[PDB]
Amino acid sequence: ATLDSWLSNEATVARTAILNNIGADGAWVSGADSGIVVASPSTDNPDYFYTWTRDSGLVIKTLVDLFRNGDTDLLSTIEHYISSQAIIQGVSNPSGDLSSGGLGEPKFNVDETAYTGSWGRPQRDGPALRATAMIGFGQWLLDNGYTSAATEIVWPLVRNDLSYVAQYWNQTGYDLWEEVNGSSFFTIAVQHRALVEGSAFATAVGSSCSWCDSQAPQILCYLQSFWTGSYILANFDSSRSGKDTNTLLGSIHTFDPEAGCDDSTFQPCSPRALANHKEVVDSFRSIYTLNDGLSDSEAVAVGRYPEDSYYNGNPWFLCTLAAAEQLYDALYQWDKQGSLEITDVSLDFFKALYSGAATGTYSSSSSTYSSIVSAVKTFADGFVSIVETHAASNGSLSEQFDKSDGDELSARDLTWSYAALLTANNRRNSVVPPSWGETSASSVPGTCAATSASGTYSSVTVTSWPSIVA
């Protein structure tokens, strides 16, 4: 009504805003090299005028999906990003060089020089998020007959990042929020994913990734430890409750449209992810005044973790959108399957939205199913309205929105906010991402081993891009 139309306008504003934040033509980020994704044009309070491997990887993956669906104009953007990464990989920084840990460096200056001050480094998700983004583009190239571009440019780039993942997964580092030195759900989840699709990608170009194959099952094994019995623990080595939107992100960024409600990979419709969803969201109901008076069956403003004190601890646009996106994803999964199941694990999730919820299997033609799917859609859309209510009048999406009055705060025009909007909207519309092979990578080994595999490192030089026509 308002929502459908706002979303439609907002998607268009988000696509533009992201482009304004990518060099060397990006209107808001003059100074940024070619294919460099800037986190935000805010150069002071806070200073976000840097390129993070995570934000960039997440943003480009989004644009690659848009591109595969017909937004052909994004081609040059993706090519420039690929070329920029050929360079960054080789940049010597506080985390090391290409073959000695450099790949793990969190952020860089927009000019492609290293950031040398103190930072929570390394962040092991980066390499995995970059590989995922590149593999998508690489797949398109193979499908459209640009085999050479896939085999000689993309593959070797990906091969570097996959090698980092297989080698250091089993080592502590910082979480996506760059504050906890330990082992993080999000990181492990995206790492498992990357190796699985990394392996399929290697086979497609006529090469192999033995280190992908030997480590993915072990990463999966370890992931299981994050299930506490009632929710997903955001991090090992933390003194907090462990309720964190990090776990929602892990699920949506590892969603496979071909997967069932698999618990071992924490899919969106899995009992564990649904139980988790309620625990996380509920953790923000009583700490934000903006949430005052809402009931348990209503959407609330979501932040990162309940203990957060960054800018005083406020809801984040991307965290609120992730809460919605997981539901969109589960809805799609249930529809595709033709049923939904309520277990003891997911009962509270369902019961809060539909008081008549009881364990059992509900076929898609059943009354219970209709009742539940409507409640779920309504709830999901409700998080989106919170976003809509606090977005700026011209559509500007900030990092945070005040916990008391909803005014935008922290970094303005955060690229990540814009990407999160794009994906929540796609999912809402049933536009899902290419599958990553989850259906052959959900079997958990009987015994988990604390291990690694060492792959191979080689500097890539992008001398020329074929003249691709989309």
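Each residue number is its position in the shown sequence, starting from 1.
If you average the C-alpha B-factors over 4-12 and over 459-467, the higher value belongs to 459-467. Stretch comparison (367-375 versus 209-217) by mean CA B-factor in the PDB entry places 367-375 on top. Note on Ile36, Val444, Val29, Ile60: the highest value goes to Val444, judged by CA B factor as recorded. Ranking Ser297, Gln267, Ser95, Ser199 by Cα temperature factor from the entry places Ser297 first. Sort the chain's modelled residues by C-alpha temperature factor and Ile22 lands in the lowest third, per the entry. Ranked by Cα temperature factor within the chain, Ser99 sits in the middle third according to the deposited record. In the PDB entry, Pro271 places in the middle third of its chain by CA B-factor. Per the deposited record, the Cα B-factor of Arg428 falls in the middle third when ranked against the other modelled residues of its chain. Ranked within its chain, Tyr288 lands in the highest third, by CA B factor from the PDB record.
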